[PDB]
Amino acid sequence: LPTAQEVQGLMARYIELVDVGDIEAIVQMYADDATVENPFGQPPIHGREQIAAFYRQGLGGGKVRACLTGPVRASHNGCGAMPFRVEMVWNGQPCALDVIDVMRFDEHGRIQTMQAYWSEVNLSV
């Protein structure tokens, strides 16, 4: 599994790919069996093709940015958690969404699970 240090690097790489909106590069970070819950509380999405659709719908339209708002917390079992802020425009309203993602990596360094904690209370104009 990725070490704690490697998890910090991988999760920051993920943020960079979201921030520039490189949909195909994001998808390659995920394993073929990856399970994403985004937002946590909803039915998951499974596998690269379905995960690609999330990012294309979310990032492929208007300009979206993402940046870490604190350090990546990494564990000794290939897992980590990070706080970040997504900026977007929602029907003319400039918005920010505060999110925490929790990720578990597999032994090939790919994302096997991700949970994105956020809801509407985390949105602001």
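From 1 onward, residues are counted along the sequence shown.
Mean CA B-factor, 57-65 versus 81-89: the higher value falls on 57-65.
When the modelled residues of the chain are ordered by their C-alpha B factor, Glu49 lands in the middle third. In the deposited entry, the Cα temperature factor of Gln42 places it in the middle third of its chain's modelled residues. In this PDB entry, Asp106 carries a Cα temperature factor that places it within the highest third of its chain's modelled residues. Ranked by Cα temperature factor within the chain, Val72 sits in the lowest third according to the deposited record. In this PDB entry, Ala96 carries a Cα temperature factor that places it within the highest third of its chain's modelled residues.
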